[PDB]
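Have a look at coords31.txt; it's compact mmCIF, C-alpha atoms and all ligand atoms:
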```txt
# COMPACT_ATOMS: atom_id res chain seq x y z
CA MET H 1 11.50 -11.93 14.62
CA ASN H 2 8.38 -9.94 13.89
CA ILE H 3 5.14 -8.93 15.66
CA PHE H 4 3.37 -12.14 14.76
CA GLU H 5 5.91 -14.56 16.05
CA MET H 6 6.34 -12.39 19.05
CA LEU H 7 2.72 -12.40 19.87
CA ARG H 8 2.44 -16.01 19.11
CA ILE H 9 5.06 -16.68 21.74
CA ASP H 10 3.28 -14.50 24.33
CA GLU H 11 -0.30 -15.63 23.76
CA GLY H 12 0.10 -19.20 22.64
CA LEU H 13 -2.39 -20.97 20.33
CA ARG H 14 -5.56 -22.82 21.38
CA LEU H 15 -8.36 -24.02 19.20
CA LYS H 16 -11.06 -24.44 21.87
CA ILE H 17 -12.64 -21.74 24.02
CA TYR H 18 -10.50 -21.03 27.02
CA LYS H 19 -10.19 -18.72 30.02
CA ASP H 20 -7.42 -16.11 29.85
CA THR H 21 -5.26 -15.09 32.76
CA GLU H 22 -8.10 -12.76 33.92
CA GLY H 23 -10.68 -15.57 33.57
CA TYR H 24 -12.29 -14.35 30.34
CA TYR H 25 -13.36 -16.34 27.43
CA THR H 26 -10.89 -16.34 24.69
CA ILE H 27 -9.75 -18.38 21.72
CA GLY H 28 -7.04 -18.83 19.12
CA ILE H 29 -4.11 -16.54 19.50
CA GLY H 30 -5.25 -14.42 22.45
CA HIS H 31 -8.53 -13.38 20.81
CA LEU H 32 -10.82 -12.24 23.57
CA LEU H 33 -14.35 -13.18 23.05
CA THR H 34 -16.26 -11.60 25.90
CA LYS H 35 -15.92 -10.41 29.42
CA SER H 36 -19.16 -11.98 30.47
CA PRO H 37 -19.06 -15.23 32.34
CA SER H 38 -21.74 -16.92 30.18
CA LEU H 39 -20.05 -19.58 28.05
CA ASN H 40 -22.96 -19.38 25.75
CA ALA H 41 -22.43 -15.71 25.32
CA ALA H 42 -18.91 -16.67 24.38
CA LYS H 43 -19.92 -19.29 21.85
CA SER H 44 -22.26 -16.80 20.33
CA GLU H 45 -19.54 -14.26 19.92
CA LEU H 46 -17.35 -16.98 18.45
CA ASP H 47 -19.84 -17.96 15.74
CA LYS H 48 -20.38 -14.32 14.99
CA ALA H 49 -16.68 -13.68 14.51
CA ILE H 50 -16.10 -16.76 12.46
CA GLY H 51 -19.23 -16.77 10.51
CA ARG H 52 -20.34 -20.25 11.26
CA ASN H 53 -21.59 -22.49 14.01
CA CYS H 54 -18.40 -23.42 15.77
CA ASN H 55 -19.58 -25.01 18.85
CA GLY H 56 -16.54 -23.58 20.74
CA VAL H 57 -13.91 -24.93 18.40
CA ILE H 58 -12.09 -23.45 15.44
CA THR H 59 -9.40 -24.37 13.00
CA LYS H 60 -5.83 -23.17 12.80
CA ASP H 61 -6.45 -21.14 9.70
CA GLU H 62 -9.45 -19.61 11.35
CA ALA H 63 -7.37 -18.80 14.43
CA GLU H 64 -4.77 -17.24 12.20
CA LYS H 65 -7.30 -15.23 10.35
CA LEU H 66 -8.47 -13.80 13.67
CA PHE H 67 -4.95 -13.10 14.62
CA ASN H 68 -4.35 -11.07 11.47
CA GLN H 69 -7.34 -8.95 11.92
CA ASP H 70 -6.47 -8.45 15.55
CA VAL H 71 -2.88 -7.32 14.82
CA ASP H 72 -4.14 -5.03 12.28
CA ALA H 73 -6.84 -3.52 14.47
CA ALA H 74 -4.28 -2.85 17.19
CA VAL H 75 -1.89 -0.94 15.01
CA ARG H 76 -4.68 0.98 13.59
CA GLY H 77 -5.94 1.71 17.06
CA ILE H 78 -2.55 3.08 17.84
CA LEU H 79 -2.42 5.22 14.85
CA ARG H 80 -5.80 6.73 15.52
CA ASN H 81 -4.95 7.61 19.07
CA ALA H 82 -3.63 11.13 19.52
CA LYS H 83 -1.64 10.35 22.66
CA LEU H 84 -0.29 7.11 21.15
CA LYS H 85 0.57 8.07 17.55
CA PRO H 86 3.30 10.44 18.26
CA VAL H 87 5.10 8.09 20.57
CA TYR H 88 4.75 5.20 18.28
CA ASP H 89 6.16 7.05 15.35
CA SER H 90 9.13 8.18 17.29
CA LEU H 91 10.31 4.68 17.96
CA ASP H 92 12.49 2.24 16.00
CA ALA H 93 11.06 -0.91 14.51
CA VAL H 94 11.70 -3.31 17.36
CA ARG H 95 10.31 -1.07 20.02
CA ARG H 96 7.23 -0.48 17.91
CA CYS H 97 6.62 -4.20 18.23
CA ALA H 98 6.76 -3.91 22.01
CA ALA H 99 4.09 -1.11 21.71
CA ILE H 100 1.85 -3.24 19.59
CA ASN H 101 2.17 -6.10 22.03
CA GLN H 102 1.08 -4.10 25.01
CA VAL H 103 -1.82 -2.71 23.04
CA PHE H 104 -2.85 -6.11 21.86
CA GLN H 105 -2.80 -7.36 25.33
CA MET H 106 -4.39 -4.46 27.19
CA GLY H 107 -6.36 -2.29 24.81
CA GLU H 108 -5.72 1.33 23.65
CA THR H 109 -7.38 2.34 26.79
CA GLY H 110 -5.17 0.55 29.27
CA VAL H 111 -2.15 1.85 27.45
CA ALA H 112 -3.31 5.39 27.14
CA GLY H 113 -2.99 5.69 30.99
CA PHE H 114 0.76 4.93 30.91
CA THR H 115 1.32 8.55 30.46
CA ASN H 116 4.59 8.86 32.22
CA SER H 117 5.95 5.86 30.49
CA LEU H 118 4.84 7.23 27.20
CA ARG H 119 6.65 10.37 27.75
CA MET H 120 9.79 8.64 28.80
CA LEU H 121 9.73 6.45 25.83
CA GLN H 122 9.26 9.42 23.67
CA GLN H 123 12.28 11.10 25.10
CA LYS H 124 14.19 7.86 24.67
CA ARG H 125 14.97 7.43 28.40
CA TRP H 126 15.06 3.65 28.12
CA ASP H 127 16.09 2.64 31.51
CA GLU H 128 13.78 5.07 33.07
CA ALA H 129 10.77 4.00 31.15
CA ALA H 130 11.56 0.36 31.97
CA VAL H 131 11.49 1.03 35.72
CA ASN H 132 8.32 3.07 35.35
CA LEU H 133 6.65 0.45 33.28
CA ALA H 134 7.32 -2.10 36.04
CA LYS H 135 5.34 -0.16 38.55
CA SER H 136 2.03 -1.41 37.28
CA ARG H 137 -0.68 -3.90 37.76
CA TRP H 138 0.27 -5.19 34.32
CA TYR H 139 3.74 -6.22 35.48
CA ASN H 140 2.45 -7.61 38.80
CA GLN H 141 -0.14 -9.88 37.25
CA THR H 142 1.81 -11.16 34.25
CA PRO H 143 5.40 -10.58 35.14
CA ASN H 144 7.08 -13.05 32.81
CA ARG H 145 5.45 -11.59 29.77
CA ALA H 146 5.71 -8.06 31.03
CA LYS H 147 9.43 -8.68 31.56
CA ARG H 148 9.92 -9.64 27.99
CA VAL H 149 8.14 -6.58 26.65
CA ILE H 150 9.89 -4.28 29.02
CA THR H 151 13.26 -5.63 27.94
CA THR H 152 12.29 -5.12 24.43
CA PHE H 153 11.47 -1.49 25.10
CA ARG H 154 14.55 -1.10 27.15
CA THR H 155 16.93 -2.56 24.60
CA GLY H 156 15.46 -2.23 21.24
CA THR H 157 16.62 -5.89 20.42
CA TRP H 158 14.73 -9.27 20.45
CA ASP H 159 16.95 -10.77 23.14
CA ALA H 160 14.11 -11.57 25.54
CA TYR H 161 12.53 -13.53 22.76
CA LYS H 162 15.90 -15.10 22.24
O1 LIG R 201 3.63 1.98 27.47
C1 LIG R 201 2.90 1.92 26.27
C2 LIG R 201 3.94 2.15 25.24
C3 LIG R 201 3.31 2.51 23.97
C4 LIG R 201 3.91 3.42 23.10
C5 LIG R 201 3.27 3.72 21.89
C6 LIG R 201 2.06 3.11 21.58
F1 LIG R 201 1.47 3.40 20.40
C7 LIG R 201 1.48 2.19 22.46
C8 LIG R 201 2.10 1.89 23.67
CL CL R 202 -14.15 -11.61 12.70
CL CL R 203 3.44 -13.68 32.21
```

Can the structure from this file be put into structure tokens for me?
Ligand SMILES: OCCc1ccc(F)cc1
Ligand SMILES: [Cl-]
Ligand SMILES: [Cl-]
Amino acid sequence: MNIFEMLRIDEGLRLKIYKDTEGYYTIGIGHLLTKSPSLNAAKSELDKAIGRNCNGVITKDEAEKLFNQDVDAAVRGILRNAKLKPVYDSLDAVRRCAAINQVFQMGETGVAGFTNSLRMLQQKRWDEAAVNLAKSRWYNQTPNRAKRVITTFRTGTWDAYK
């Protein structure tokens, strides 16, 4: 198991513009296109990211290219964050995948407000951080996914991904 397969399991893969769980236009492997509700805005963003007139559809290779850049941007976002960096580096390799996942899903922003969780994770209080992480909108709106990430943080193994 690695970050890619993990994320691929959590986000799925779609080659046509779709609405995410929050109703926003997205494509590929969880690549958000825009928060605006104009489909045309979305198609525009799509062409811009892909470099060609897509007309709302892309190929698998194109989706995977987006995915790569997006994984990369997330890590890098983590590393550049002063509140994030230190926690991230204190964790083992599996748990670091759980961190990337959350970031990928919610932005460096969203995560940066999980202050108590961050601290608990940094002190390695697994069970405590798991309970704390559950007390969030994130868990409440996408519980099945959240559960898997949480378990990952809690255990440091890929069991939830089986
Ligand atoms: O709860 C967020 C857990 C987390 C830890 C480190 C990091 F870089 C990003 C997210
Ligand atoms: Cl791009
Ligand atoms: Cl879910």

Please return as a PDB file with C-alpha atoms, in the coordinates of the input every residue within 12 Å of (-22.4, -20.3, 23.5), taking into account all atoms listed in the file and the file's own coordinates.
```pdb
ATOM      1  CA  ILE H  17     -12.640 -21.740  24.020  1.00  0.00           C
ATOM      2  CA  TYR H  25     -13.360 -16.340  27.430  1.00  0.00           C
ATOM      3  CA  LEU H  33     -14.350 -13.180  23.050  1.00  0.00           C
ATOM      4  CA  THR H  34     -16.260 -11.600  25.900  1.00  0.00           C
ATOM      5  CA  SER H  36     -19.160 -11.980  30.470  1.00  0.00           C
ATOM      6  CA  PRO H  37     -19.060 -15.230  32.340  1.00  0.00           C
ATOM      7  CA  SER H  38     -21.740 -16.920  30.180  1.00  0.00           C
ATOM      8  CA  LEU H  39     -20.050 -19.580  28.050  1.00  0.00           C
ATOM      9  CA  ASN H  40     -22.960 -19.380  25.750  1.00  0.00           C
ATOM     10  CA  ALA H  41     -22.430 -15.710  25.320  1.00  0.00           C
ATOM     11  CA  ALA H  42     -18.910 -16.670  24.380  1.00  0.00           C
ATOM     12  CA  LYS H  43     -19.920 -19.290  21.850  1.00  0.00           C
ATOM     13  CA  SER H  44     -22.260 -16.800  20.330  1.00  0.00           C
ATOM     14  CA  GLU H  45     -19.540 -14.260  19.920  1.00  0.00           C
ATOM     15  CA  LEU H  46     -17.350 -16.980  18.450  1.00  0.00           C
ATOM     16  CA  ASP H  47     -19.840 -17.960  15.740  1.00  0.00           C
ATOM     17  CA  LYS H  48     -20.380 -14.320  14.990  1.00  0.00           C
ATOM     18  CA  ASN H  53     -21.590 -22.490  14.010  1.00  0.00           C
ATOM     19  CA  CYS H  54     -18.400 -23.420  15.770  1.00  0.00           C
ATOM     20  CA  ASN H  55     -19.580 -25.010  18.850  1.00  0.00           C
ATOM     21  CA  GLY H  56     -16.540 -23.580  20.740  1.00  0.00           C
ATOM     22  CA  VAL H  57     -13.910 -24.930  18.400  1.00  0.00           C
TER      23      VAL H  57
END
```

Inset, instruction - Let me have all residues with an atom within 6 Å of ligand CL 203 (chain R), counting only C-alpha atoms and all ligand atoms, laid out as a PyMOL selection string. - result: chain H and resi 142-145

With all atoms of region 8-23 of chain H from the file as input, state the centre and edge lengths in Å to one decimal of the axis-aligned box that has 8 Å extra on each side, as JSON.
```
{"center_x": -3.8, "center_y": -18.6, "center_z": 26.5, "size_x": 33.7, "size_y": 27.7, "size_z": 30.8}
```

Inset, instruction - Scan for residues within 7 Å of the point (-5.6, -20.4, 18.3) in the coordinates of the file, using only C-alpha atoms, and reply as number ranges by chain. - result: H: 13-15, 27-29, 60, 63-64

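Between residue 126 (chain H) and the candidates H:112, H:74, H:99, H:150, the tightest atom-to-atom separation, counting all atoms listed in the file, involves H:150.
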
Legend entry - Separation of CA of residue 4 (chain H) from CA of residue 91 (chain H), in Å and rounded to one decimal: 18.5 Å

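Rounded to one decimal, CA of residue 118 (chain H) and CA of residue 153 (chain H) lie 11.2 Å from each other.
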
Skip residue 124 (chain H) itself and residues of its chain fewer than 3 positions away, then list as a PDB file with C-alpha atoms, keeping the file's coordinate frame all residues within 12 Å of it, counting all atoms listed in the file.
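Once written, selection27.pdb looks like this:
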```pdb
ATOM      1  CA  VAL H  87       5.100   8.090  20.570  1.00  0.00           C
ATOM      2  CA  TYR H  88       4.750   5.200  18.280  1.00  0.00           C
ATOM      3  CA  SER H  90       9.130   8.180  17.290  1.00  0.00           C
ATOM      4  CA  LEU H  91      10.310   4.680  17.960  1.00  0.00           C
ATOM      5  CA  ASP H  92      12.490   2.240  16.000  1.00  0.00           C
ATOM      6  CA  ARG H  95      10.310  -1.070  20.020  1.00  0.00           C
ATOM      7  CA  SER H 117       5.950   5.860  30.490  1.00  0.00           C
ATOM      8  CA  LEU H 118       4.840   7.230  27.200  1.00  0.00           C
ATOM      9  CA  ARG H 119       6.650  10.370  27.750  1.00  0.00           C
ATOM     10  CA  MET H 120       9.790   8.640  28.800  1.00  0.00           C
ATOM     11  CA  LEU H 121       9.730   6.450  25.830  1.00  0.00           C
ATOM     12  CA  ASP H 127      16.090   2.640  31.510  1.00  0.00           C
ATOM     13  CA  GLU H 128      13.780   5.070  33.070  1.00  0.00           C
ATOM     14  CA  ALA H 129      10.770   4.000  31.150  1.00  0.00           C
ATOM     15  CA  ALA H 130      11.560   0.360  31.970  1.00  0.00           C
ATOM     16  CA  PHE H 153      11.470  -1.490  25.100  1.00  0.00           C
ATOM     17  CA  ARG H 154      14.550  -1.100  27.150  1.00  0.00           C
ATOM     18  CA  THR H 155      16.930  -2.560  24.600  1.00  0.00           C
ATOM     19  CA  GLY H 156      15.460  -2.230  21.240  1.00  0.00           C
TER      20      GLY H 156
END
```

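Near ligand CL 202 (chain R), at a distance of at most 8 Å and with only C-alpha atoms and all ligand atoms counted, sit the residues residues 48, 49, 50, 51, 66 and 69 of chain H.
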
Inset, instruction - Enumerate as a VMD selection string the residues within 8 Å of ligand LIG 201 (chain R), counting only C-alpha atoms and all ligand atoms. - result: chain H and resid 75 78 to 79 81 83 to 89 96 98 to 100 102 to 103 108 111 to 112 114 to 115 117 to 118 121 133

Could the residues in this selection be saved with C-alpha atoms as a short mmCIF file (atom, residue, chain, number, x, y, z; two decimals), keeping the file's coordinate frame?
```cif
data_model
loop_
_atom_site.label_atom_id
_atom_site.label_comp_id
_atom_site.auth_asym_id
_atom_site.auth_seq_id
_atom_site.Cartn_x
_atom_site.Cartn_y
_atom_site.Cartn_z
CA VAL H 75 -1.89 -0.94 15.01
CA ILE H 78 -2.55 3.08 17.84
CA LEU H 79 -2.42 5.22 14.85
CA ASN H 81 -4.95 7.61 19.07
CA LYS H 83 -1.64 10.35 22.66
CA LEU H 84 -0.29 7.11 21.15
CA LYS H 85 0.57 8.07 17.55
CA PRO H 86 3.30 10.44 18.26
CA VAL H 87 5.10 8.09 20.57
CA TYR H 88 4.75 5.20 18.28
CA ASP H 89 6.16 7.05 15.35
CA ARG H 96 7.23 -0.48 17.91
CA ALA H 98 6.76 -3.91 22.01
CA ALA H 99 4.09 -1.11 21.71
CA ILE H 100 1.85 -3.24 19.59
CA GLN H 102 1.08 -4.10 25.01
CA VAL H 103 -1.82 -2.71 23.04
CA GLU H 108 -5.72 1.33 23.65
CA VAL H 111 -2.15 1.85 27.45
CA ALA H 112 -3.31 5.39 27.14
CA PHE H 114 0.76 4.93 30.91
CA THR H 115 1.32 8.55 30.46
CA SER H 117 5.95 5.86 30.49
CA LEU H 118 4.84 7.23 27.20
CA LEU H 121 9.73 6.45 25.83
CA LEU H 133 6.65 0.45 33.28
#
```

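Note that the spacing between CA of residue 134 (chain H) and CA of residue 9 (chain H) amounts to 20.5 Å.
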
Legend entry - Among listed residues H:70, H:1, H:16, H:62, nearest residue 31 (chain H) (using only C-alpha atoms): H:70

Legend entry - Among the residues H:93, H:141, H:35, H:104, the one that comes closest to residue 68 (chain H) [using all atoms listed in the file]: H:104

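The nearest approach to residue 110 (chain H) among the residues H:146, H:138, H:97, H:132, with only C-alpha atoms taken into account, belongs to H:138.
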